[PDB]
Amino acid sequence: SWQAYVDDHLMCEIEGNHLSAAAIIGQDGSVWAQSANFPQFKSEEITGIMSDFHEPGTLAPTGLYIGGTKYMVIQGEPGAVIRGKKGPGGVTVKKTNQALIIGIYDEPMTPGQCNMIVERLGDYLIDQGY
């Protein structure tokens, strides 16, 4: 049950602070599970993302759009992780063999807190085949 991957793991608490909206989306674009406050993702967004993964950098010019919100594209690992800031908040998106982990934090969560939670779980899924 993906849902508990999203309820009891991405929402797990590190240094007393936990994510705001976690979701596990396929590359095609279909929500496997999402957090109660995870938004609904508008046009091209999962495919736009999917082509900063395929030829990197491409997203930063236009800017990270996720539920139509513009996130400042940050340093990310080519074709594996993409990151973004908006004030004291931002998002990590880890690429999997077949999915996209996605996790949204705000202050007091630190970016590298949100990366640890999100990014490792993907590496775990990239080994459970998905």
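Residue indices: 1-based, along the sequence shown.
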Margin query: Quick check: 47-55 versus 88-96, which has the larger average CA B-factor in the record?
Written below: 47-55
Note to self: When the Cα temperature factors in the entry are averaged, is it 17-25 or 112-120 that ends up higher?
What the structure shows: 17-25
Next item on the list: From the list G76, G103, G63, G67, select the residue with the highest C-alpha B factor recorded in the entry.
Entry: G63
Next item on the list: Sort the modelled residues of this chain by their C-alpha B factor and say whether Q40 lands in the lowest, middle or highest third.
Entry: highest
